[PDB]
């Protein structure tokens, strides 16, 4: 024996690009782990499947994983695919570790064999709040959102961490997604003299506000979450987006210590910059730490949920629901050409 791990991806559709990232992270991980001894001499063997990211497909792959005797699943890529197999895997005591599903309900059910190795959108609020608090230290903050869920939930979470922290949140305002005319918002930023704006939404509107806010001679520093970091933003904003602070995953790619992994991924002519390469690799590192402990999926879940795991992504810790604990996104200084740098 050799240990089998089912790595479930989309190596199929338009999403084939995310599936690619995970197979590259998973594959690198297994060669590193078994090159160094495996698990007490027991080598890992990836046994790959295809979801295609169809929730009907997903259950099909989960029925196969089962009837194939696989007990450790790495994945399910998309929230829509995963939820459905989630049930199937709990029903049959199979541990599932996902490196990309961020749907809050995967973890709201009371399942015990689900772990994530990705941060969640929710996670960006506390990131923002902290950064503002400790690094930016603005004087008069306005918080605006699109009254869309994503955006409003993040404006509401930043808003909260802003007052435990005793910040001066001058006003909290809603915007009608699809507005292109923000004259009204910008005259108000002018007047109540805001120096920092946090915008919870998407790039259309962000690119709108920026253009418009600079044209009015407003020097206000803006911050948004990743839903804002799109090529489209810069195709439209240009210059106006220079200096926007953005919340998004850290380039694990780039930490001095992941070097040997980057070096090596790139040797096989594969792309080590994608994000699920790090979340998948880290997912493999956690299952390995657990395996050195016990064979039992319930025993690994337990061991993981109470200890910390040192991964390629940093020391990792889970809550009882299996969500990453004290997880943080990186802050990036965006540029006029669609490029972004690590912020101080």
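Residue numbers count along the first chain shown, from 1.
Visitor: Return whichever of 85-93 and 127-135 has the greater mean Cα B factor according to the PDB record.
Guide: Per the PDB entry, the higher value belongs to 85-93.
Visitor: Compare the mean C-alpha B-factor of 168-176 with that of 218-226 as given in the PDB entry, and name the stretch with the higher value.
Guide: Taking the mean B-factor of the alpha carbons in each, 168-176 is higher.
Visitor: Highest Cα temperature factor in the entry, among the options 108, 158, 262, 231: which one is it?
Guide: Among 108, 158, 262, 231, the PDB entry lists the largest C-alpha B-factor for 108.
Visitor: Which of these has the highest Cα B-factor in the record: 71, 269, 116, 140?
Guide: The record points to 269.
Visitor: Would the CA B-factor of residue 151 place it in the lowest, middle or highest third of its chain?
Guide: For residue 151, whose C-alpha B-factor we compare with every modelled residue in the chain, the answer is the middle third.
Visitor: How does the C-alpha B factor of residue 205 compare with the rest of the chain: lowest, middle or highest third?
Guide: Lowest third - that is where residue 205 ends up once the chain's C-alpha B-factors are sorted.
Visitor: Compared with the other modelled residues in the chain, in which third is the CA B-factor of residue 302?
Guide: CA B-factor rank for residue 302: lowest third.
Visitor: Within this chain's modelled residues, let me know which third the CA B factor of residue 18 belongs to: lowest, middle or highest.
Guide: It falls in the top third of the chain.
Visitor: Among the modelled residues of its chain, does the C-alpha B-factor of residue 247 lie in the lowest, middle or highest third?
Guide: For residue 247, the deposited C-alpha B-factor lands in the lowest third.
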